[PDB]
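Engineer:
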Amino acid sequence: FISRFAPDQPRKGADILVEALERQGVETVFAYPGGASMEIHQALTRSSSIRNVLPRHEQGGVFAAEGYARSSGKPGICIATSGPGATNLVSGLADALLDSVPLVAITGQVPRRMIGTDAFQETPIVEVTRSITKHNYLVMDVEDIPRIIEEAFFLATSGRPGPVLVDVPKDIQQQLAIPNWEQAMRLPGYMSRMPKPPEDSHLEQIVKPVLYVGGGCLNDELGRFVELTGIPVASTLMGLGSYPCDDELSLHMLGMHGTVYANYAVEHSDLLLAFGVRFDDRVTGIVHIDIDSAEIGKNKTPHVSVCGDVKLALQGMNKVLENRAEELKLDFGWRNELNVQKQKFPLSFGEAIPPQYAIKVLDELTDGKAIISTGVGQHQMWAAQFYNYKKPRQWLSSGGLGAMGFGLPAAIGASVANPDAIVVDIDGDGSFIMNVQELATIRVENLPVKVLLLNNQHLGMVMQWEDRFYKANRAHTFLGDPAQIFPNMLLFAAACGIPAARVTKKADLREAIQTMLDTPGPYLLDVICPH
Amino acid sequence: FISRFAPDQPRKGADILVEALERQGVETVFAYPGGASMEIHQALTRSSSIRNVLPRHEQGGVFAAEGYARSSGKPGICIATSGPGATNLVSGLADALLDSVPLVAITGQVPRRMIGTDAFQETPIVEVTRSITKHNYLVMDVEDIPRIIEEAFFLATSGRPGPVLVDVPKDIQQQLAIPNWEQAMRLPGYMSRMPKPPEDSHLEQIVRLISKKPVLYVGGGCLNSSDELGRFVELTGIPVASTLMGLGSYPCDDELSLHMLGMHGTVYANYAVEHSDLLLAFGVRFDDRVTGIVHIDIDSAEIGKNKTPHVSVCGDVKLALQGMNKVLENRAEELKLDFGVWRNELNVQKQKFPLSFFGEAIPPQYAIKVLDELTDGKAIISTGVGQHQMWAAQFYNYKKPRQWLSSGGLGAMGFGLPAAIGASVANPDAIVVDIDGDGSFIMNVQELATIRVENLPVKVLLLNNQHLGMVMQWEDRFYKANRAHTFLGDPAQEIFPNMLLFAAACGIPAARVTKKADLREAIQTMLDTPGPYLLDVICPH
Amino acid sequence: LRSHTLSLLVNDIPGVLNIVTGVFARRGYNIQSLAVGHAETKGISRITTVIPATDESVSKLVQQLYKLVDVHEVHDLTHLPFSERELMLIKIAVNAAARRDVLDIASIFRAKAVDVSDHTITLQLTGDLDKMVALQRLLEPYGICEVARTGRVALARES
Amino acid sequence: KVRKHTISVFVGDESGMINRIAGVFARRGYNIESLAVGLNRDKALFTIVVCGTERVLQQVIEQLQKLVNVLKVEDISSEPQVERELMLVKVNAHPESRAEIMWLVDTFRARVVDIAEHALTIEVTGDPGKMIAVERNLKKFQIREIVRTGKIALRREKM
Amino acid sequence: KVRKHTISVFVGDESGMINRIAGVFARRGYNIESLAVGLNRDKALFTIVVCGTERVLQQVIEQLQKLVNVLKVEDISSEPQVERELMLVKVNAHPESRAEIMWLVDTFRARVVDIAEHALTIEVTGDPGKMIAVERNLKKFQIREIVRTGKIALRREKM
Amino acid sequence: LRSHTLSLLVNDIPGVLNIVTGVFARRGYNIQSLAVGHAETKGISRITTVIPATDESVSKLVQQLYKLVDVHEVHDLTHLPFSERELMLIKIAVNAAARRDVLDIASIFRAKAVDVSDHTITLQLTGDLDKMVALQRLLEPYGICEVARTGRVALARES
Ligand SMILES: Cc1cc2nc3c(=O)[nH]c(=O)nc-3n(C[C@H](O)[C@H](O)[C@H](O)COP(=O)(O)OP(=O)(O)OC[C@H]3O[C@@H](n4cnc5c(N)ncnc54)[C@H](O)[C@@H]3O)c2cc1C
Ligand SMILES: Cc1cc2nc3c(=O)[nH]c(=O)nc-3n(C[C@H](O)[C@H](O)[C@H](O)COP(=O)(O)OP(=O)(O)OC[C@H]3O[C@@H](n4cnc5c(N)ncnc54)[C@H](O)[C@@H]3O)c2cc1C
Ligand SMILES: Cc1ncc(C[n+]2csc(CCOP(=O)(O)OP(=O)(O)O)c2C)c(N)n1
Ligand SMILES: Cc1ncc(C[n+]2csc(CCOP(=O)(O)OP(=O)(O)O)c2C)c(N)n1
Ligand SMILES: CC(C)[C@H](N)C(=O)O
Ligand SMILES: CC(C)[C@H](N)C(=O)O
Ligand SMILES: CC(C)[C@H](N)C(=O)O
Ligand SMILES: CC(C)[C@H](N)C(=O)O
Ligand SMILES: [Mg+2]
Ligand SMILES: [Mg+2]
């Protein structure tokens, strides 16, 4: 590290923090100006390495920092001003804590002497967030900033990843002090509980089976293990991409919206390798390997369970299998019976476009290599089932929270993290309009984001619970004007100087999708569908 | 009340709740559908008296329920699904608790057996909100619903008003049970502390104190006492200074209305305070924007909070003014109150420092003087948080209370457009005008589609300047004009976005205006056109 | 349900009790008594609590508590052999004649008198919940004014 | 003028009451030295000990009255009062050490709760000044564990 | 589920009554672990302790009612009850051993009955848990003889 | 004013107490209690006293006392940590019925009886001023005859 100040020069706490971030390898932050963040924003302008991206609404900021953190694996960062700013973040933190995504939020706070009185824009944000974050800190002394920031990045990344928050009073941000980059972490409880490396005796004990993998497998070893075993793999809505969807053994999504053959596989399996999963009710309606000792036995009691990083467990088992593969002579050619089920219940759907065809076309026109983000609607299930992901992180979606509006900003995060990737946002009608105001930001950065809108003039997924269970009764699920596409999203694109088109025909759509992929820079495609 | 069910017919808890709301005089609710609120939404469709309004974003819903509650004085209501729905309400509740606005929020929750498992969309919303609400309940039994709802409406309205929240597990909403509309409130601590009527001995001591340079200082606490205050001003002739929340409580056009005081307040009102000899702090909390003594308040906690008063009284200012009005009336001729010297000296200051503000490059203060003139100062005005809020507060003559709707202590951006919806539902035939900066505006621009769904006659006045103006000012004033990205246009060029197209997308007529001489007719064209309209006013940054 | 005892050691940061009590309240469990105080070393406090629960649910709750950054360790004591004590102060409205009677009960319980007025007296007692409730049930005929109970405190016995 | 004030709070019972009470001090960043509470019947009485200024106390002692389910609140610290703490301690006790420590317990009017050859459990009760004297004496012995309730208090009834 | 139940039996007196009572347990091959009785006037109250299942107890506790001269029978084991044992022990006591054992008796509130230079007789009384603790302590001393009564019990009168 | 305690050592010459009491009476200060007696060595006496004063005026008065030829040393104890005790005898007119009641109070205060007649009884008490005045205030209903209070005695504690 190269310091902009002398090793003994006293400087503002703000610059101390900025340096602490640069020292941690920070490169881009999402932030919004306001009366409690001016010091930080001015320091971010004095810095040269960290890029600043200003979204239109703070909830867009936190979602962009989440898209960035999910696609790059790097810890995402977002900053906001006290009061109303901070409170807008809550919808983000509640998502991060549910998907185990590392994220660090920093906020400005009222002067220390003003805390507790209800001063202008004062808010107990620490007390509001205490129950929905992995840990959080109130900075009472500039001298702890280096240690606090370090501990924070460590906590965010170590163990099960999760969001963390640090609040800094304005006067502490202005206060001049001398840093100290050498200090120890004070985590004596947490450190003592950090998972020890896996024990080979269990790996050897592990040596109609089905592999069940989820978000815990995000970090080759599984593919190698599949070679040493030839076992069929079932993946969750979060496990997608961890295993190539085009492989013969990839059973795609399992569960309630999952593939029928994968569900049959589970229904008739004899050995379940629950590696990196939490037995979510959408899946459940046994061998467990996990880093989180709390998930062990949480929803269902396993026959065998191991605490520790699945990565090391797979490397160990891969060696144990390699030195004994010829002795074990594993064979489950169960595989045929399940293939027969694939043949008996394969996936399926005039000019009134099938949305599944829009996804099949987009997969094949992009080698299944493009980065996908979604809202939360019928379109989230279709874009999960019908697109063949070939890398992890190609799929970005709200797993457990189900937060509408997630799409567009998560596409921004992914575009900043992967400057040259093909980024396509596949979105609901309801899910799109909730954050349509962020389109302005794309024009400011000229990001080549591709927007695909599955327009059917309704809050769509709720209308499936109407038409399946509540006797098709309309609880206002229709979003159009009863007297007569509303709004004309073409005009929305026009307002941003972004080229766009509307499509209605199955016969036009293949050329239209290719037109958006051909067109340099950003584009909007409005796919008019039957409800 | 007329029940849709037999007095002994067991029915779903959802219908029990709906009936409990109808029994409380509920008329319209802002709600958003989702997997934990379907039961409630269905019951709301089976009901006939309560109208449902569906906004585009939940944080629009809570701001409409706040606009409705502020303009009508009635307790506002909003409903939302669990998880991401509930969490988006937090920005509203934090506002209500800062402005003492009564509001009741109801939300659906995961089945009881699932709580604490981290189930799909589960969120400890009770624990998240516990520190920012007057009280909150977790409904553990359908049988308490009648009592809980009653207690809630009472708490929301009684004492210092404030927001309250009730969370109901889905299975309890479906559970069939027999109601009981007769049950007592369990509020022993709170009830025991409710303020007793004011004591006349203090009113008479106040009359005694009523001085040579007195000033009346009133804020949001005077909302329900405009007539009594006007009468008191007759019995005294004392000049009145009003806060950004006190506006409308006292006619701005009266000779004694000094308008806003403080950091942005009028220079003459600030001189008045600087040289006053007796301060009647009635319904105020000594906020730092005002402060940088007689105190009357319902909230015993505000007494002596920021500054120690010489005399203080706990109780409703309404009763204190009625009592003092009688005490003064029976002795007005004996007291012979007179402050002409002080009143004149201050008028001299008015003359020396009157309210004041480059070719066709529009003065926005003139745009607001025109807006007052063309609306008799009678319209409902709503505002964001930038420079535009200060101008609309200073340069418009409010004649009645509740004419001014703005975020006071919290300052939440995006408040305008949904608060205009609330006021428009509460006052079907009023003129509603929403005044905004383009930073304060764009954060909630997704709500414009709702206006077309309801065909509401809302008038939007966008004071466009392509910057975050209030932020861009404190840079140019203090932080050496240096820029934390305070520009929101495209550097390569023109107004961005073209808000005309945003109106066009909703089939709403609109206009753009750039020059001082057109503006007076452009505002009149917006006021004359039936139904909704948008005027985009282009200003120098 | 049945009542259980938890003993917890905590990293003694300002505000940590709010984090811990939030976990019980998020499961909805009503803590019947709590005591918190300095442990054997500078920089640690012990919390001890009684809750109505299942021995299944406490096992889930102690697993759940280990997710906190600021716990050092947590124990159920309920199935173990443990020593237990509890302290109580009680005030009573009493006249000179009844004072005799009350002093008799006190002597039986081995209660120590600790305040007197010819209006009222107060007694100190130590023991366990059965003697506590027994006494508080026996003194009902007199105007019992208030009862400042500590909640239990416990330690396992290795014997 | 940092001082170790003590507040007593009287309440009607609800799930999460200790979490509302602990939130008002956590929101300041103030530190609770000790807190003790036991659910008496339908109602409960806290006694709590905190470090800070008498200025900021007037805020937190006012803000506690805003809660709908608090019945009464007092700063007890200046008034004439009964005041007691229960402490419990386990200490290693070699047969010789068993000889002197016997002289100590025989002094403080302490009781022994259980015995093992490695350690003993002792129950100690009295005024906080005796508690500190005891701690300074035990400092010379190999403590094994200690736990204590925090000071309970009640006002003395002057005529 | 072998458990160590206790039964209490109230009788009108006849010569050989204990022999009928002891026959019903001997017939099963059951074991009387302890038994105590004394003729109070014209009537007597046994308390007895046995090992086995709650199933077979229902047979022998029924078969005891077939006797013409039993007045009442109860299984007392589950109820809230007063319970006590008397024990008496003679132990060798060398002048030094006399020093530590004094510390023990001074702990358990034991009394000394008679003295000789070779041995002492001690009287011990309390709950069975104290009795076992005492035995585990005396294990380290040269016992000479011991005898014990077996537990007496009575139900506590709840209101 | 506030009360202060002075401890003085003096040459024990015949008539020295007149010199010392002259210094207080020349300032006009009304001594609340005084006790004088032999110190730790032959040829020295200790005087101990209580006076209402300012902690300014006691500093002037101890400087003033050093001018005396017959003093060895003088101390204020008031701001120091010091142990304190006081002795009282009290006589009461009491009949056989009230004698019961009085013995009850005595037992509570841990007062020891020391004279009896069927006309009157006298009690001995030791402690500190609050128990002294409390007892004297409580026995008012009976014909309290006389009180022979010693005044306080104090020594600093080095701990
Ligand atoms: C309407 C809707 C319906 C849905 N229906 C389905 C459905 O039918 N099927 C389906 O699969 N999903 C569905 N989902 C998604 C669902 O909410 C859950 O996310 C999913 O069932 C389980 O996610 P997971 O276990 O794979 O990841 P999660 O457990 O939610 O998150 C990541 C996991 O990774 C583990 N982990 C993290 N780091 C490590 C590490 N280093 N080492 C080991 N482990 C680690 C964590 O402990 C955690 O368990 C649906 C979503 C929606 C919105
Ligand atoms: C950028 C910005 C700048 C600002 N600058 C200024 C400025 O220069 N000047 C200015 O005036 N404001 C300004 N404000 C607003 C100011 O900061 C406070 O938010 C405002 O004063 C709050 O309103 P209030 O003081 O009247 O009390 P409120 O917050 O509205 O509280 C209501 C009061 O009424 C009392 N009350 C309620 N019912 C009764 C009753 N029945 N009887 C008696 N009392 C009752 C309550 O207890 C309480 O004291 C500014 C706001 C912003 C966004
Ligand atoms: C914030 C929030 N509000 C409401 C819901 C409930 N919900 C789930 S998906 C959905 C509608 C999906 O419609 P759309 O976004 O248009 O996608 P589509 O179903 O047409 O594919 C709703 C209202 C939610 N998940 N989150
Ligand atoms: C959510 C939130 N973010 C930031 C602020 C700080 N803030 C106050 S006014 C303002 C913007 C001012 O510009 P604008 O709202 O467009 O109106 P203008 O000042 O030009 O009149 C900002 C960022 C805030 N109050 N709330
Ligand atoms: C241990 C606990 C009471 C801590 N001192 C707190 O203030 O939260
Ligand atoms: C009174 C208190 C101990 C309450 N039962 C709680 O759980 O918070
Ligand atoms: C009652 C009993 C001791 C009887 N006298 C017997 O001899 O059996
Ligand atoms: C010490 C004093 C009382 C002395 N013996 C005197 O006679 O004066
Ligand atoms: Mg939809
Ligand atoms: Mg603006």
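These protein sequence lines are chains P, Q, S, R, N and G, in that order.
According to PDB author numbering, the first sequence holds residues 87 to 293, 301 to 312, 315 to 380, 391 to 438, 440 to 455, 459 to 593, 597 to 643 in order.
According to PDB author numbering, the second sequence holds residues 87 to 296, 299 to 380, 391 to 455, 458 to 593, 596 to 643 in order.
So PDB author numbering is basically just the index in the third sequence, starting at one, shifted up by 316.
So PDB author numbering is basically just the index in the fourth sequence, starting at one, shifted up by 82.
So PDB author numbering is basically just the index in the fifth sequence, starting at one, shifted up by 82.
So PDB author numbering is basically just the index in the sixth sequence, starting at one, shifted up by 316.
Even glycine gets a Cβ: it sits at the ideal position worked out from N, Cα and C.
1) For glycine 202 of chain P, return the contacting residues in chain R, with the cut-off set at a CB-CB distance below 7 angstroms.
2) Cα separation between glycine 325 of chain Q and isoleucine 468 of chain Q?
3) Which bits of chain N does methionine 241 of chain R rub up against, with CB to CB less than 8 angstroms?
4) May I ask you to report which of helix, strand or coil DSSP gives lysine 83 of chain N?
5) How should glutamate 144 of chain P be labelled, buried or exposed, when 16 other C-beta atoms within 10 angstroms of its C-beta is the threshold for buried?
6) I'd like to confirm the pairing. Which residues does DSSP put opposite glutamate 227 of chain R in its beta bridges?
7) For the stretch 190 to 210 of chain Q against the stretch 109 to 122 of chain Q, do three or more pairs of beta-carbon atoms, one drawn from each stretch, fall closer than 8 angstroms, so that the two count as touching?
8) CB of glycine 98 of chain N to nearest heavy atom of ligand 7: below 7 angstroms?
9) Applying the criterion that 16 or more other CB atoms from any shown protein chain within 10 Å of the CB defines a buried residue, is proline 170 of chain Q buried or exposed?
10) Near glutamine 447 of chain Q, what residues of its chain come up, given a Cβ to Cβ distance below 6 angstroms and the 5 sequence neighbours on each side ignored?
11) Any C-beta of chain S sitting closer than 8 angstroms to the C-beta of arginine 279 of chain P?
12) Short of 7 angstroms Cβ to Cβ, which residues in the stretch 416 to 436 of chain S face chain G?
13) I'd like to know if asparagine 174 of chain N contacts chain R, where contact means its C-beta is closer than 8 angstroms to some C-beta of that chain.
14) With 16 other CB atoms within 10 Å as the buried threshold, where does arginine 318 of chain S fall?
15) Starting from the C-beta of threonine 466 of chain G, find all residues in its chain whose C-beta is less than 7 angstroms away, skip the five residues before and the five after it, and write them out in chain order.
16) Within 8 angstroms of any Cβ in chain Q, is that where the Cβ of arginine 473 of chain S sits?
17) What does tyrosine 635 of chain P reach in chain Q if we use C-beta pairs closer than 7 angstroms?
18) How should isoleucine 126 of chain P be labelled, buried or exposed, when 16 other C-beta atoms within 10 angstroms of its C-beta is the threshold for buried?
19) With hydrogens ignored, establish whether the beta-carbon of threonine 173 of chain P is closer than 7 angstroms to any heavy atom of ligand 3.
20) Counting only Cβ pairs nearer than 7 angstroms, list the residues of chain Q close to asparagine 174 of chain P.
21) Along chain P, in chain order, which residues have C-beta atoms closer than 8 angstroms to that of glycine 105 of chain R?
22) Taking all protein chains shown into account, do 16 or more other C-beta atoms lie within 10 angstroms of the C-beta of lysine 407 of chain S, making it buried, or fewer, making it exposed?
23) Over what stretch of residues does the alpha helix (DSSP H) that includes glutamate 623 of chain P continue unbroken?
24) Kindly say whether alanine 414 of chain S, judged by its beta-carbon, lies nearer than 8 angstroms to any beta-carbon of chain G.
25) Applying a beta-carbon distance threshold of less than 8 angstroms, which residues of chain S neighbour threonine 203 of chain R?
26) Along the alpha helix (DSSP H) that carries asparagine 445 of chain P, what are the first and last residues, could you check?
Structural biologist: In short:
1) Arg109, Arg110, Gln141
2) If I take the Cα positions, the gap works out to 29 angstroms.
3) Within 8 angstroms Cβ-Cβ: nothing; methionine 241 of chain R doesn't reach chain N, min ~36 angstroms.
4) coil
5) Buried, by the Cβ-count rule.
6) R:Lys172
7) yes
8) yes
9) buried
10) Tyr356, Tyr359
11) yes
12) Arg416, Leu419, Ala429, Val432, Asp434
13) Closer than 8 angstroms: no.
14) exposed
15) Correct list, in chain order: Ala351, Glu402, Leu403.
16) Not an interface residue.
17) In chain order: nothing, as chain Q lies at least about 17 angstroms away.
18) buried
19) no
20) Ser177
21) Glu213
22) buried
23) 618 to 630
24) no
25) Within 8 angstroms Cβ-Cβ: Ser399, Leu471, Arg473.
26) Counting along the chain, the alpha helix (DSSP H) containing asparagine 445 of chain P begins and ends at 441 to 450.
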